[PDB]
Amino acid sequence: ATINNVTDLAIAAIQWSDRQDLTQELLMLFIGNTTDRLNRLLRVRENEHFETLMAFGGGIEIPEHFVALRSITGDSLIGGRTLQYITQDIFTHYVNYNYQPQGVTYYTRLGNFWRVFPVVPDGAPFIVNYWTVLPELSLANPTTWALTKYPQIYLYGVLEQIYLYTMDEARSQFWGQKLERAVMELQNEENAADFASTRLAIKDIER
Amino acid sequence: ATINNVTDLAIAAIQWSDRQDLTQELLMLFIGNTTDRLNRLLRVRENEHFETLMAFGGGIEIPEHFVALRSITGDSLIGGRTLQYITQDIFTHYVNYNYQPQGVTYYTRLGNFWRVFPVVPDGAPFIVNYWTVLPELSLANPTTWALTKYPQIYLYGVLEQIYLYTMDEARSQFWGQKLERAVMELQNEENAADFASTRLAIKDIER
Amino acid sequence: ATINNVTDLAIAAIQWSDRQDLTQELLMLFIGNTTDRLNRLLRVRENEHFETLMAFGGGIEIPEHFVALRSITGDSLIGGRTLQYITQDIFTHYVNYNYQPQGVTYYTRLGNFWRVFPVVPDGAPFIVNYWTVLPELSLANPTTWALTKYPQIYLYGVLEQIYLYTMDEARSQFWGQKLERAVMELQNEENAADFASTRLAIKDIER
Amino acid sequence: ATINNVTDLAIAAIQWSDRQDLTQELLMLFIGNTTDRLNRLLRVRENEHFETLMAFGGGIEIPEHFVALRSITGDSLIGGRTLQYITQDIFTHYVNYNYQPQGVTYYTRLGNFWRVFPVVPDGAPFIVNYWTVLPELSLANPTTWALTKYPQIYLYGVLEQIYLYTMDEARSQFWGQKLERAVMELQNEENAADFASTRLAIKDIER
Amino acid sequence: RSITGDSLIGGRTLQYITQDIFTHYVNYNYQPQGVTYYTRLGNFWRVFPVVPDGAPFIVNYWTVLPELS
């Protein structure tokens, strides 16, 4: 609907800005800038992936497209528990004192790796659920879910970038405010779509 | 009543804006933008659908037009209860400790699926009541319930989009404020239409 | 993506600022100034290094690229504990009174060295995790992780430097605010990437 | 990196200020003024010196480049304690009443000397850790650590001095604010580099 | 009036740039997709993304009046 691919977005931007001097490279740069700005703000269902990873050398390697972490779950063969975050001091104390819980329970971050306390042999599987970065929008990849969901976001971002390029201040701020409002609306709608109309009761666990 | 289909809306927009240089494609883009903006705000009776889904692989697939969830109810053969939301930690703790309630009682969101705790065999029926997105308004779909219910919303949205296109600010803000007021009025009337004139007493349940 | 190397950044700066009198040396100076400014603000995953160091003369030599310290951990052969910071007076009192703890436990800073209280013989290994400075971007080093992760930071910094050079105030403040906002967004995302969506429980250690 | 020596700094100042009437003497005066201003504010690792001094005539001579004192420690031959500051009245009372502690414990300042209470024979060694003044920057000494670390400080200081010389007000304040911000950033980064990311416990001593 | 590239070589309407911009683009290896820029040197129009010989262009311009004799 509305904007279907990158070419339609470029045509709409040219029509709305009324600037015939824009080349393909500048439009691609503007679209890339908008996508990179979006990468730091959006955490939605379409941005979420869960997959199975293997533990090597007592640690799990962070995925290359990782931006934020939702959950890490052990496999049923090693307990099947949801891991909890601990600091380095707690990790060291637990290792030194031989805490010995039932299964893999805790994790921490060292460098580019996640280290689990009850050190497991190599090949232990884990289920990691995490958010990733938005797909690239360009001539090679002319369609993305972000464009198909809320095209106003990309349109307003491109317009703001264009007016930034032509050394204009007021219109750039106007379009930036519009883009921020659209992004906030989308994020709030995604946030309130799970349990905003149901009942909550508080449950008790033991970890 | 008042505005009947897309052609009347386009004619009214042309007459009110007094702009004879607006092509069909620009008007379609404006209408699509207004509909997309409305999709994130309205939660009314006409936007609400309830239907029966089948659970496969211990999960329920979210519908493609889903925007917000109202309720999930198990079928009478598997308990006939209303599910309650729980987090991932509670889910995995219940699975590990074999909580074993009477029937399907809890649900959680993983990826694009809803997982129920008392895992059921494939083919379990559920009744899901949820809100969808507004129907697409175009030449192929000349009439929608949104246009018939309150045409001023679409008229004001199209006018605001037009004045945004022609690089104007004050009139755009004026029409945007008018559209927001109309949307708020409609939403409030829909909200206060069920029990705003009756008596409430508070009841006790057990879950 | 977007901007890939230093030459693309220079071309983009030339196009956006619309200044044909900028030589290569001025652009290199602007980029270097932006890098030095970033060196005092960013503490992210790509800036983190952990490595093994030898204790010579009862002290550990601070690395030359060190900017901030994250943790120091003794090797398992000498206790395998996470060191804690103490002042000079506490160190002197512990030395005088022969405190005699189990293993290496405390550290302090003297000059350009880290001194550990349970004095160890020369050659004791430690694991130091710390932050370093960003790689220098120039003709000899055309690609860095900072440019690839978020090109808007470098673009806005270079533009701000350019407008500072041409004796302009309003545009310089504008671009400085944009750069600061981008840096804050990146830092906040990196800060929240770890455990902003998990559960915390508070644990007890012994030190 | 960026600015490597004094000549490059002078060239950059001439280019940025766009003033061809500046002579070598004026530039050296500006650089000296900036260094003198910096000497009153910076207390960093590179400014720190610890060395052994011999007490003569019951006192220790203050070093000629001393700007601020960090610590004074007695040698292990005379107790190896960290001295504490006392006023003149306490010193006189302790001398008169023959307090007689174990080793050298207290010190005070008289004129240009540090006097220790448990008067020791001449030749007693002490370890003094203190801050000095920044090295001079001129033709004879064209490279200093301060220029290498954060060249923006010197560049902004020289620009502010230049605009002060030409009887301008707004630009001088602008560049002075920039220089102050840079100095504050450097000082904060140096301050938070020791234990801002570790744990603190509070320990007990006896003095 | 106008210069346009052939669709095979990019099909872009060329834009005028000065000599300094041309030199900067050449030195920094801008490398766009097709031919986009041009400048005037002597009696020639030089296009920036240097193309091998035999690249057709469509030029629209004004001529002199025909001779009456």
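What you see below is based on every heavy atom in this structure, not just the backbone, and it leaves out hydrogens, waters and symmetry mates. Below, chains carry the letters A, B, ... as their sequence lines are ordered, and counting in each starts from 1.
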*Asks:* Could you go step by step and tell me if A:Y107 and C:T198 meet the side-chain contact (heavy atoms from CB on, under 4.5 Å) rule?
*Replies:* CA-CA 11 Å; A:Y107 79 100; C:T198 48; 3.9 Å; yes

*Asks:* Using non-hydrogen atoms and a 4.5 Å limit, figure out which bit of A:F91 sits close to chain C: side chain, backbone, both or neither.
*Replies:* neither

*Asks:* Of C:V158, C:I162, C:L22, C:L9, which meets side chain to side chain contact (heavy atoms under 4.5 Å, CB included) against C:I14?
*Replies:* C:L22

*Asks:* Where on C:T82 is there a heavy atom nearer than 4.5 Å to chain A: the side chain, the backbone, both, or neither?
*Replies:* both

*Asks:* Assess whether salt bridge (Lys or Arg N to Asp or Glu O under 4.0 Å) is satisfied between A:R37 and C:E185, documenting all intermediate values.
*Replies:* CA-CA 9 Å; A:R37 173 107 199 262; C:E185 284 176 343; 3.2 Å; yes

*Asks:* Report which part of A:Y99 has an atom under 4.5 Å of a heavy atom belonging to chain C: side chain, backbone, both, or neither.
*Replies:* neither

*Asks:* For A:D36, is it the side chain, the backbone, both, or neither that has a heavy atom closer than 4.5 Å to a heavy atom of chain C?
*Replies:* both

*Asks:* Taking atom types as modelled, find out whether A:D168 and A:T166 have a side-chain donor-acceptor pair closer than 3.5 angstrom.
*Replies:* no

*Asks:* Is it the side chain or the backbone of A:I31 that comes within 4.5 Å of chain C heavy atoms, both, or neither?
*Replies:* neither

*Asks:* Heavy atoms only, distances under 4.5 angstrom: which of C:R207, C:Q152, C:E190, C:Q84 has the most pairs with chain A? Name it, please.
*Replies:* C:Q152

*Asks:* Run the side-chain contact (heavy atoms from CB on, under 4.5 Å) check on A:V6 and A:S138 step by step: do they pass?
*Replies:* CA-CA 7 Å; A:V6 57; A:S138 77; over 6 Å; no

*Asks:* Most heavy-atom pairs under 4.5 angstrom with chain A, which of C:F174, C:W16, C:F50?
*Replies:* C:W16

*Asks:* How long is the gap from NE2 on A:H65 to CG on A:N39, to the nearest 0.5 Å?
*Replies:* 9.5 Å

*Asks:* Cation over ring, A:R40 on C:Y150, under 6.0 Å and within 45°?
*Replies:* yes

*Asks:* Name the member of C:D194, C:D18, C:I3, C:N129 that forms the most heavy-atom pairs with chain A at distances under 4.5 Å.
*Replies:* C:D194

*Asks:* Would you mind reporting whether A:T108 and A:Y85 have side-chain heavy atoms less than 4.5 Å apart?
*Replies:* yes

*Asks:* With a 4.5 angstrom heavy-atom cut-off, is it the side chain or the backbone of C:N188 that approaches chain A, or both, or neither?
*Replies:* neither

*Asks:* Go through C:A193, C:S197, C:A201 and name the one with the most non-hydrogen pairs under 4.5 angstrom from chain A.
*Replies:* C:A193

*Asks:* Can you tell me which portion of A:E25 sits under 4.5 Å from chain C's heavy atoms? Options are side chain, backbone, both or neither.
*Replies:* neither

*Asks:* Checking heavy atoms, do the side chain of C:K149, its backbone, both or neither come under 4.5 Å from chain A?
*Replies:* both

*Asks:* Heavy-atom distance under 4.5 Å to chain C: side chain of A:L26, backbone, both or neither?
*Replies:* side chain

*Asks:* Which bit of A:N33 is near chain C, if near means a heavy-atom gap under 4.5 Å: side chain, backbone, both or neither?
*Replies:* both

*Asks:* Can you tell me how far the CG atom of A:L186 sits from the CD1 atom of A:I153, to the nearest 0.5 Å?
*Replies:* 5.0 Å

*Asks:* Chain C heavy atoms under 4.5 Å from A:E136: which part of the residue, side chain, backbone, both or neither?
*Replies:* side chain

*Asks:* Can you say whether A:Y130 sits under 4.5 Å from chain C via the side chain, the backbone, both, or neither, judging by heavy atoms?
*Replies:* neither

*Asks:* Under the ring-ring contact (aromatic ring centres under 6.0 Å, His included) test against A:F66, which residue among A:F113, A:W114, A:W131 passes?
*Replies:* A:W114

*Asks:* Does A:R109 pair with C:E48 as a salt bridge, N-O distance under 4.0 Å?
*Replies:* yes

*Asks:* So which part of C:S76 gets closer than 4.5 Å to some heavy atom of chain A, the side chain, the backbone, both or neither?
*Replies:* neither

